[PDB]
Structures are given as structure tokens and as C-alpha cells.
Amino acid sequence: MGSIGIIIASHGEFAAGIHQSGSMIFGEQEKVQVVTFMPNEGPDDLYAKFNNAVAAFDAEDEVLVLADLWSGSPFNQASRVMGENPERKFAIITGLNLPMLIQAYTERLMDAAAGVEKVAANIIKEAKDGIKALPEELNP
């Protein structure tokens, strides 16, 4: 049964700031957790934050992690928590940007019961498609 909990994760306050961007553009949202990794912190503090974020969702919810980068402690600890909970469906998407977050909120509204693995493909596509340049000739 059910829903998708979203965890926004980053080095530094990035994840908190883009969570604000999203609430201005999209409005308030349920079942969103923010995990920041600050300079006075180590990997085990981050491990605790992820476990605490997952426990804030209902036991039936699938989990979508939107992470800053495919490297470093935020990504590594998200992957660890994913691998320690094989009875729970997880997806991690790296390269967090605002089109990605908007599309994640929309896919939840539209199609949350299809699962995190189904909705990820179009979240990825819109995140990439929203990277565009001016002047137009600079685009691939």
C-alpha cells in the first residue's frame, strides 16, 4: 500500500535551501525530510539522520532520495541505509536540481501508487531537460 517519502540530501545547507525553493514554487508538501551534512559532522551522525528520516514515514511508504552528487558521505550513507532495508523499495537519484524536485512532487500526485522505481525515469528526464542555456546556440 501507498505513498512515497522523499529525502532531500546534500553536503551543507543545499538540501534545506532547495526545499525552500520548492515550497515557494510548489507550496507546502507532506512526507518530505531534509538531511544536511555539516562540517562539524561525521559519517555516523549522517547514518543516524538517514535512519531517523526513514522512520518518520509510515512503514508501508517507499523511499525516494534526491541527492546532491554521486560521491561523498551523503550519497554513501543513503546507499548504506538502502542496502540495510531490502524489504523496502528505495530509489536514489543524484544531481539534485529544482526541475527534479518539482517533477518528484508532481509524480507523487500523479502516480505514487506505481512505486518509486516506476516514477524515477521521468523525474530523471525532466531534471536533465531543465538544464538549458541562453543564448540558445550554446545548447547541444
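One rule holds for the numbers: they count along the sequence shown, beginning at 1.
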28-36 versus 69-77 - greater average Cα B-factor per the deposited record: 28-36
Of 109-117 and 39-47, the stretch whose C-alpha atoms average the higher B-factor in the entry: 39-47
Selection by C-alpha B-factor (highest) of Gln103, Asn97, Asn52, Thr94: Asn52
Where the record places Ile8 (Cα B-factor, split into thirds across the chain): lowest
Modelled-residue ranking by C-alpha temperature factor, third containing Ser23: highest
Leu64 CA temperature factor, ranked by third within the chain: lowest
Third of chain Cα B-factors occupied by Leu134: middle
